[PDB]
Structure formats: structure tokens, C-alpha cells
Protein chains: 2
Amino acid sequence: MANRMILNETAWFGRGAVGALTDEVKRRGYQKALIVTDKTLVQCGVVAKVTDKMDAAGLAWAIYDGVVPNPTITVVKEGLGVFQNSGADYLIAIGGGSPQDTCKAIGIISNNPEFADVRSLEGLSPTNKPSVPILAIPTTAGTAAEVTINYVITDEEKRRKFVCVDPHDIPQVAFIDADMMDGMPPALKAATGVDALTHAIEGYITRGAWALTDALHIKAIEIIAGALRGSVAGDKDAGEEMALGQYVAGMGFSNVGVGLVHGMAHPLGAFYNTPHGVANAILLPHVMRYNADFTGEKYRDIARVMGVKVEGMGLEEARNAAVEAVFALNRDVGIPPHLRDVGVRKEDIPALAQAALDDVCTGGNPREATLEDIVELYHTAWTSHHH
Amino acid sequence: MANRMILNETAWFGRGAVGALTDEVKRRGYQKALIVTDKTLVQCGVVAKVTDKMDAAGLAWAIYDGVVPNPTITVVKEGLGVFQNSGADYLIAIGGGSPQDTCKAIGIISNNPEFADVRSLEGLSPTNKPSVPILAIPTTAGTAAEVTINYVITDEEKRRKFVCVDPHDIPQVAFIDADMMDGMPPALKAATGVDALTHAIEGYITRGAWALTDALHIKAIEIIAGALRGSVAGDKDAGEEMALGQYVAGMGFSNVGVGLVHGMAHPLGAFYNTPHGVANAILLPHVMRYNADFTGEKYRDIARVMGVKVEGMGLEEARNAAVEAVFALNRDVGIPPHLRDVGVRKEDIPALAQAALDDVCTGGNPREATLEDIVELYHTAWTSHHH
């Protein structure tokens, strides 16, 4: 059981980090970018922040702005057409998950043309050539698509999504620039922030957790717990910290499994289209409580970096302190306290529990959960038991 | 001031991790390896551990075993000749710093032939093509050459070393396998271990330190402090932990500066050819004491991961506890307590101090040191003041 880590070979961090793109492109000798993005980011002038710098530095670019939410086989083929017809030799992905995923597909098919039908990339793609180089510029503080080897494409003909898993698709450079993100409403910054915290905590305690993912996850938890209140209140430095925290959490959670929070949040998506972030946030502290005795010393670390002094406490008191710290953050940033507050129905719990039990990613949970354990966990998260 | 991180895109960790090489090569589609190594590793059967696996998996390889300590322009040209004449399309670097550095030079010149004279690579190499892909297998627990963008070549004609700095030279995969290292004497495991601890502590507190290098450095300190006693005593699991700790320390310290320990150890190399590791180890706690008031909360973290309970202490007591923990580890693993125990002469301190002051890397030290500060620090490290 050797451990593998896959990361972006190069990453730039800070407000104004996108400024590093022109010097990277020059040193890399690339002739011409295809910018892959959507109409919205062009219309709002976000793409122009990049093209203005490239024009000033004398760097050639073309654009494909046809990306839509749930990118399709058509969008991939369309983008690959513009790549081929524009004299481009590298990709700049400007946007959230959809542009990032569309770039991976375009870049893979360009160097692996036997996959031109796109649907043949599903599962562990048998590619033998790296993607065309991708320079990734995420514009949402909620995406880490640019540090994962996964991408999701919609097959319109067959009426389904398909997941592609391929180390060859990893972007060569990530630019993590809070200036390119700015402008979520407080409520979504809250859900997004605790969504990242959930991935970092689940990754910290997943069965396969090891030294390198532990190193990154505990830093992400420290950053997110330190910054999320300030970020929700619109603090500029807090926003920059949250961009870093989301990426660092991304580095860890892209390389190890998850557990029952993901397992239990995913069916709530399938049933009520509850925001993945809000469902995750509500469940997190209840699942942390469930898992506590199977986490060794790790909740001491979580308690410490969330600002609680626990070195004088016994291990179980320290574990209780970590759980209470997460309840406190959820309250402070306006997460609904219970699943019924976001429209979950008591009568669906047996069905939801079965879905969570059969979810592949539930196997990463450090404590074994039976159907009945998961039923009881939904109920504890569903309503207050103060009456 | 955006921060850059450069890392190996892929790394494999654990005893038997070199087993992952054959599946990596197959998925990457590469036709044929040039193995770059020295005669010693061939003679002792270390290279055969790799070629035996490649032969069983049906993977083609050639060998260049002409690497010597302080690799020369001649060794680079010789290796490039074998690369060209063997039908190789990728590199496997088997060995310590010398084979790793020779590979970077060969791989860069192969894809950047305008640098065929080798000496034209000195400084920030103006390469526009990535190196031929390098799969790095370090065989010494003391090297992190495979995660740095630096390499050093000896110019025999001009009677000098030259340093090449080039993001294009970064290996694509590192295999960190304690089985490929096994067999240092205790005394050198001790010097090597505290050498890694020194890089991690200096990197943790250097002026340019930031969230991602902090995340990796504090994990390396935890791993090394936890494992070094067991490793020196020949514990097998401790040896595996030390291989991981050295690499993780490598990830951090390759991306940020150092300080006065490096600044003061380097002239001791130039004057007495004192092992870089032993000089670093002796100086570390004295420099930590000097720096303490310019390190914020960080020595609390060092104290904690080295096994000291300091949450009840004031910050300055916690800082004293970190320093005492490092003195304790040095004693426990047999580091000489004072510089005069390794032949440093009192009369050389003014000259050594001047060299340290003018060393470029001394600028990373979080506390300003004048000539007189550095003179006094050498004296405090030079002899016991208990008599």
C-alpha cells in the first residue's frame, strides 16, 4: 500500500496572482492561448482582466465562450474546433467547474485524438499523452476542479453524465487570485466556506488519511476556521485567505477519500436539490460526533486550529470541543441548524439512509455505519430534540 | 507579492513504492528509459531492484552509470550521448544528488539543444521546453534534489561549479521508497536527520514563510522529531518515516528561503570541510534562541510536535521549551554539543562571521544579524560556558 499524491506542478497565490500568467507563458515559450470560459465572465469584464494583461505583454490569444453549466459532448467538440482553427497551443481555463472540466476534455482529446467521440473517455481514460498544457484561473471560491484529475461531461444522445478520471488531465499551473473571484452574497460564502471545511475534516479523518494529506487538510481547517466569519462579513483579506483555504483543502481531498458527510449529503441533492454546501454544513458536526472515537488525536488538532485550548482536557472532552467549535461556526455564519429547515422530510429518511449506505464514498468513513446508524444520524440532524 | 509553489506533479511513498514505476511507465506510454546512476549502485545490486521489475513488466531500458560525485560537463555530454544512441525517450534517476542533477542537465539539453555546451545553463536558464520526463528514485535519505529546480555541474575547463535554476527541470514523478535507501551508519542517519530538521525549522521561520510552506514544514518537523531516535537505532518503520520526512521538508524548503543556520554552517564547510549536517545540527538550537522573539507563535508549534506540552506556558517559556527540545534531540542521537568538538578554531570566528554576513541566504533570517551578533553566536556554539 504505497500512497500517491497528484498536485499542480506550479501554483501562484494572492490578490494579483493572475499577473504572474504573462511571465509564465513567456518562460514556457507557448505561441497562443485558447481561453475557455462562458459568456457571463466575458460580459462582466472578468475575461478582459486577463486579455488586457496578455495584450500589454504581446501574447496571442483566441476565445471559446460557449461553456454552459453541465458541459456537453457538443461544447467539448465546439471548443476543440476553436482550438484547432485558431492556431492555439495551450489552454487558459477561466471560470468555475464547467470551464475547468471543458478544458480537461479539450486538452486530452487534442493530444489523444482516438477519443474524438468524447464518451470513450468515461472511467479511467486509457490516454498515453498528457493534455495540452492547461493554465487554470478559477473565478469561484467554491471550485477546486483545477487540482483534481476528475471531470464530468453530459452525454445528450444517451441522456446521462459520465465521470472521466485521468492523471494526464491535471493543469500545469493554477492561479489562485481573490481579485478574479470577488462577489458572492454572504449566505453562499457561508455554505461554500463550510463546504470546504467539510471536505478538509472528512479528508483529515478518512480511512486512507496519511502524513501529506494530513499536513494540507489541517492547514485548510486552520485557514477556513480563521477567515470564514470575516469573509461572510465581506472582509477583503478574509476573502484572500478563503481562496487559499479552498485550494489547500482541494490539494488534500483530491488525493484521499471522504466519509458519511458526503455519503449523506449526496442523496439530499438527489431528492430535494439541497445545495451540496448547506447539506454538508448541517450534517458535519453530527457526523463528527458519530465518528469521534475512530479519529485518534485528530479532533485535538481541529479544536486547537479552530481556537479552542484543549491540551489540559482529556481526549474525549477535546473531541467534544471540536464538535462544539463546528456547531458554533455554523451558528455564527447563518447555516440552518437542522435538515428540516431546508425541507428534508422525515418519511424520506429510510430511502436517504439506503442511498448513503450504497454510496461508494461512504466506505471512507472511519466508523462503520449500518443502515440503522445512518437512519439515526439523519434523525439527529433533522430536528432539535430540545422539545 | 504573489507566492509561487513548484512541486513534483506525482509522488509515490512507502516501502515498495518503486513497484509503482512499471504501472506509471505503462500509463504514460513511454517507449524506453535511460537509467542515470553510478557504478556503485550497479555493483551493489540497487539498480537491479528496478531493472528486474522493468524486465518482468516488459519495459525497455538503457543505462548510463558514469555519474561521479560533483558531476562534470563531460559526464552530462556522455549521458546525453547514451540517451541519443539508445532510443530512450525518458529518464530514471537512480541515486543521490549527483545522478538527480546529471538527469536534470541531460533532460534539459535533450529538449533544449541550443544549450549543448552545458555551461550556458548557469543561473536562470532561458529554456522554453520542459526537460525530457524524469522519474526520480533517490537512494540516500539525505537528498531532496528530486523536488528542487536547482542543479550543480562542475566546469573542468574553467575550474568551477555553476548553479542552474530552471522550473523546466522538475521531475514529473518521485518514488520515495525506504527499501531503495536502507544502510547508513547511525552517526550519519543522525546528522542527515537533524540536517532535514534544520531545513524544516529555518523554512518554517524564514521571512518569506507562508501558509503552504508552513503546512509542509511543520509536518516534516513532526515526522523527523517522532522518528529520528528510532531511525538512528535502526528501526525499520522509523527509516520509512525519515524518508517521508526528508521529502516533505524538501517540498517546503525548495520553495522559500533559509536563515542564519545555513548562513553560518556554509563557511564552516569552506574552512574545515565540516559535514553540512553536523555543522547545521550544532548551530540550530543557538540560532533558534537568537531568533525566538521574531517567530510569532511558531515555536509553540515546534514544541508541541516535538512532544512538549506548552499550551499552559507563556509564549517565551514555550519558545524556551522548543529550543530545549532541539538540544535534547541533538544529545539523544549523538550530535557533538559544540563546534570546537568538530575542530572549529576560535581565531577563525571573525572570518567565518564575515562570510556568513555576506552569504545571500542569511537575508532570510527573521532577526537582523550584524557582524558582531554573528561573532557572538559562533562563540556561544563554539564552547560550553559552564566553566
# chains A, B, ... in the order shown; residues from 1 in each chain; ligands from 1
call {"tool": "closest_atom_pairs", "arguments": {"of": "chain B", "to": "chain A", "cutoff": "9 Å", "atoms": "only C-alpha atoms", "output": "tab-separated table"}}
result
residue	atom	partner	partner_atom	distance
B:1	CA	A:14	CA	7.4
B:2	CA	A:14	CA	4.9
B:3	CA	A:13	CA	5.1
B:4	CA	A:12	CA	4.6
B:5	CA	A:11	CA	5.3
B:6	CA	A:10	CA	4.6
B:7	CA	A:9	CA	5.0
B:8	CA	A:9	CA	5.8
B:9	CA	A:9	CA	4.6
B:10	CA	A:6	CA	4.6
B:11	CA	A:5	CA	5.3
B:12	CA	A:4	CA	4.6
B:13	CA	A:3	CA	5.1
B:14	CA	A:2	CA	4.9
B:15	CA	A:2	CA	7.1
B:16	CA	A:2	CA	6.9
B:17	CA	A:2	CA	5.2
B:18	CA	A:2	CA	8.9
B:19	CA	A:2	CA	8.6
B:20	CA	A:2	CA	7.9
B:26	CA	A:128	CA	8.1
B:27	CA	A:128	CA	5.8
B:28	CA	A:128	CA	4.9
B:29	CA	A:128	CA	4.8
B:30	CA	A:128	CA	8.2
B:126	CA	A:27	CA	7.3
B:127	CA	A:27	CA	7.3
B:128	CA	A:29	CA	4.8
B:129	CA	A:28	CA	6.6
B:130	CA	A:28	CA	8.0
B:167	CA	A:10	CA	8.9
B:168	CA	A:28	CA	8.3
B:170	CA	A:9	CA	8.5
B:172	CA	A:9	CA	8.3
B:177	CA	A:2	CA	8.9
B:211	CA	A:219	CA	7.3
B:212	CA	A:248	CA	7.5
B:214	CA	A:219	CA	8.3
B:215	CA	A:215	CA	5.6
B:216	CA	A:215	CA	6.0
B:217	CA	A:215	CA	8.9
B:218	CA	A:215	CA	7.9
B:219	CA	A:215	CA	5.7
B:220	CA	A:215	CA	8.9
B:223	CA	A:211	CA	8.3
B:244	CA	A:211	CA	8.3
B:248	CA	A:212	CA	7.5
B:309	CA	A:311	CA	7.2
B:310	CA	A:311	CA	8.4
B:311	CA	A:311	CA	6.3
B:312	CA	A:312	CA	7.8
call {"tool": "write_last_selection", "arguments": {"atoms": "N, CA and C atoms", "output": "compact mmCIF listing (two decimals), in the first residue's frame"}}
result
# COMPACT_ATOMS: atom_id res chain seq x y z
N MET B 1 3.14 40.93 -4.30
CA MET B 1 3.93 39.77 -3.78
C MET B 1 3.03 38.51 -3.78
N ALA B 2 2.78 37.95 -4.96
CA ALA B 2 2.17 36.61 -5.12
C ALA B 2 3.21 35.55 -4.72
N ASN B 3 2.76 34.45 -4.14
CA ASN B 3 3.63 33.31 -3.74
C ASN B 3 3.55 32.23 -4.81
N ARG B 4 4.69 31.65 -5.18
CA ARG B 4 4.76 30.51 -6.12
C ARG B 4 5.12 29.24 -5.35
N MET B 5 4.46 28.14 -5.69
CA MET B 5 4.83 26.78 -5.24
C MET B 5 5.14 25.94 -6.48
N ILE B 6 6.32 25.33 -6.52
CA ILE B 6 6.72 24.32 -7.54
C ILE B 6 6.94 23.00 -6.81
N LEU B 7 6.25 21.95 -7.26
CA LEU B 7 6.26 20.60 -6.65
C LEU B 7 6.35 19.55 -7.75
N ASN B 8 6.70 18.32 -7.38
CA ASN B 8 6.58 17.15 -8.28
C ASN B 8 5.08 16.95 -8.51
N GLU B 9 4.68 16.84 -9.77
CA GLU B 9 3.26 16.65 -10.16
C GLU B 9 2.75 15.35 -9.55
N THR B 10 3.60 14.32 -9.50
CA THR B 10 3.24 12.99 -8.95
C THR B 10 4.35 12.54 -8.01
N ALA B 11 3.99 11.96 -6.87
CA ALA B 11 4.95 11.34 -5.94
C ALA B 11 4.31 10.09 -5.33
N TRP B 12 5.11 9.05 -5.18
CA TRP B 12 4.72 7.76 -4.55
C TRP B 12 5.58 7.55 -3.31
N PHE B 13 4.96 7.08 -2.22
CA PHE B 13 5.57 7.00 -0.88
C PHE B 13 5.31 5.63 -0.25
N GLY B 14 6.35 5.05 0.35
CA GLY B 14 6.26 3.84 1.18
C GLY B 14 7.30 2.82 0.78
N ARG B 15 7.59 1.87 1.67
CA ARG B 15 8.43 0.71 1.31
C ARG B 15 7.71 -0.01 0.17
N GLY B 16 8.42 -0.28 -0.93
CA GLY B 16 7.85 -0.93 -2.12
C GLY B 16 7.24 0.05 -3.11
N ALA B 17 7.33 1.37 -2.86
CA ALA B 17 6.78 2.42 -3.75
C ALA B 17 7.41 2.34 -5.15
N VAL B 18 8.66 1.88 -5.26
CA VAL B 18 9.33 1.76 -6.58
C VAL B 18 8.54 0.78 -7.46
N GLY B 19 7.77 -0.13 -6.84
CA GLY B 19 6.84 -1.05 -7.54
C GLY B 19 5.83 -0.30 -8.41
N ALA B 20 5.49 0.94 -8.06
CA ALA B 20 4.53 1.78 -8.81
C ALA B 20 5.15 2.25 -10.14
N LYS B 26 3.80 2.43 -18.07
CA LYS B 26 2.79 1.86 -19.00
C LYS B 26 1.72 2.91 -19.30
N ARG B 27 1.16 3.55 -18.27
CA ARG B 27 0.06 4.53 -18.44
C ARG B 27 0.59 5.74 -19.23
N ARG B 28 1.87 6.08 -19.07
CA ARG B 28 2.50 7.26 -19.73
C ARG B 28 2.88 6.94 -21.18
N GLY B 29 2.87 5.67 -21.58
CA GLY B 29 3.15 5.26 -22.97
C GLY B 29 4.61 5.35 -23.37
N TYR B 30 5.53 5.72 -22.47
CA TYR B 30 6.97 5.90 -22.79
C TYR B 30 7.53 4.61 -23.41
N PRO B 126 17.54 30.24 -19.75
CA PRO B 126 16.48 30.67 -20.66
C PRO B 126 15.97 29.53 -21.57
N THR B 127 15.53 28.43 -20.96
CA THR B 127 14.92 27.28 -21.67
C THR B 127 13.44 27.59 -21.91
N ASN B 128 12.90 27.13 -23.03
CA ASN B 128 11.46 27.28 -23.34
C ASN B 128 10.80 25.91 -23.51
N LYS B 129 11.53 24.81 -23.29
CA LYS B 129 10.95 23.45 -23.39
C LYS B 129 11.18 22.74 -22.06
N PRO B 130 10.18 21.99 -21.55
CA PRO B 130 10.41 21.14 -20.38
C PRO B 130 11.51 20.12 -20.68
N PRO B 167 12.63 25.93 -13.62
CA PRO B 167 11.40 25.17 -13.40
C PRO B 167 11.18 24.05 -14.42
N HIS B 168 11.69 24.20 -15.66
CA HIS B 168 11.60 23.17 -16.73
C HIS B 168 12.29 21.85 -16.33
N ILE B 170 12.09 20.14 -13.43
CA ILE B 170 11.46 19.46 -12.25
C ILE B 170 11.08 18.05 -12.69
N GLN B 172 8.91 14.73 -13.02
CA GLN B 172 7.47 14.50 -13.20
C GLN B 172 6.96 13.55 -12.12
N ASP B 177 11.02 5.52 -1.50
CA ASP B 177 10.96 4.08 -1.16
C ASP B 177 12.15 3.78 -0.24
N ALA B 211 1.47 30.18 4.15
CA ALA B 211 0.57 29.09 4.60
C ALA B 211 1.01 27.72 4.07
N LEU B 212 1.35 27.59 2.79
CA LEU B 212 1.59 26.25 2.18
C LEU B 212 2.94 25.70 2.63
N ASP B 214 4.44 26.56 5.39
CA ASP B 214 4.20 26.35 6.84
C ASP B 214 3.55 24.97 7.03
N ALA B 215 2.54 24.64 6.22
CA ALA B 215 1.79 23.36 6.33
C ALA B 215 2.75 22.18 6.22
N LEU B 216 3.67 22.23 5.25
CA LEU B 216 4.59 21.10 4.95
C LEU B 216 5.73 21.05 5.97
N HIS B 217 6.36 22.19 6.25
CA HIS B 217 7.48 22.28 7.23
C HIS B 217 7.06 21.71 8.60
N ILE B 218 5.91 22.10 9.13
CA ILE B 218 5.51 21.68 10.50
C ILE B 218 5.20 20.18 10.47
N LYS B 219 4.75 19.62 9.34
CA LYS B 219 4.55 18.15 9.24
C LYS B 219 5.91 17.46 9.21
N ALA B 220 6.89 17.98 8.46
CA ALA B 220 8.26 17.42 8.38
C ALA B 220 8.89 17.43 9.78
N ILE B 223 7.32 14.69 11.82
CA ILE B 223 7.75 13.34 11.35
C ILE B 223 9.18 13.07 11.84
N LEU B 244 10.03 9.83 4.24
CA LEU B 244 8.85 10.72 4.05
C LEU B 244 9.16 12.12 4.59
N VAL B 248 9.15 15.66 2.53
CA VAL B 248 8.13 16.69 2.87
C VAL B 248 8.87 17.98 3.21
N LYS B 309 4.30 19.72 26.09
CA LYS B 309 3.00 20.37 26.39
C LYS B 309 3.25 21.82 26.82
N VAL B 310 2.89 22.81 26.00
CA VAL B 310 3.27 24.24 26.19
C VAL B 310 2.04 25.17 26.16
N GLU B 311 0.83 24.62 26.05
CA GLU B 311 -0.41 25.43 25.93
C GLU B 311 -0.66 26.20 27.23
N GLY B 312 -0.23 25.65 28.38
CA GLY B 312 -0.31 26.29 29.70
C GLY B 312 0.78 27.34 29.92
call {"tool": "residues_around", "arguments": {"residues": "residue B:259", "least_positions_apart": "5", "cutoff": "6 Å", "atoms": "only C-alpha atoms", "output": "VMD selection string"}}
result
chain B and resid 202 362 364 to 365
call {"tool": "write_last_selection", "arguments": {"atoms": "N, CA, C and O atoms", "output": "PDB file, in the first residue's frame"}}
result
ATOM      1  N   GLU B 202      14.239  26.242   9.735  1.00  0.00           N
ATOM      2  CA  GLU B 202      14.668  27.520   9.099  1.00  0.00           C
ATOM      3  C   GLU B 202      13.599  27.972   8.097  1.00  0.00           C
ATOM      4  O   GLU B 202      13.297  29.180   8.058  1.00  0.00           O
ATOM      5  N   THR B 362      21.481  34.279   4.154  1.00  0.00           N
ATOM      6  CA  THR B 362      21.424  34.841   5.534  1.00  0.00           C
ATOM      7  C   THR B 362      20.304  35.891   5.625  1.00  0.00           C
ATOM      8  O   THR B 362      19.715  36.023   6.720  1.00  0.00           O
ATOM      9  N   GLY B 364      17.313  35.728   4.656  1.00  0.00           N
ATOM     10  CA  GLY B 364      16.027  35.088   5.014  1.00  0.00           C
ATOM     11  C   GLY B 364      15.798  35.017   6.522  1.00  0.00           C
ATOM     12  O   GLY B 364      14.640  34.812   6.935  1.00  0.00           O
ATOM     13  N   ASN B 365      16.850  35.180   7.333  1.00  0.00           N
ATOM     14  CA  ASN B 365      16.773  35.059   8.816  1.00  0.00           C
ATOM     15  C   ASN B 365      15.775  36.084   9.345  1.00  0.00           C
ATOM     16  O   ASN B 365      15.856  37.257   8.977  1.00  0.00           O
TER      17      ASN B 365
END
call {"tool": "atom_distance", "arguments": {"atom1": "atom CA of residue A:123", "atom2": "atom CA of residue A:154"}}
result
13.7 Å
call {"tool": "residues_around", "arguments": {"residues": "residue A:306", "least_positions_apart": "3", "cutoff": "9 Å", "atoms": "only C-alpha atoms", "output": "PyMOL selection string"}}
result
chain A and resi 221-222+224-226+301-303+322+325-326
call {"tool": "residues_around", "arguments": {"residues": "residue B:237", "least_positions_apart": "3", "cutoff": "10 Å", "atoms": "only C-alpha atoms", "output": "number ranges by chain"}}
result
B: 14-15, 178, 227, 230-231, 234, 240-242
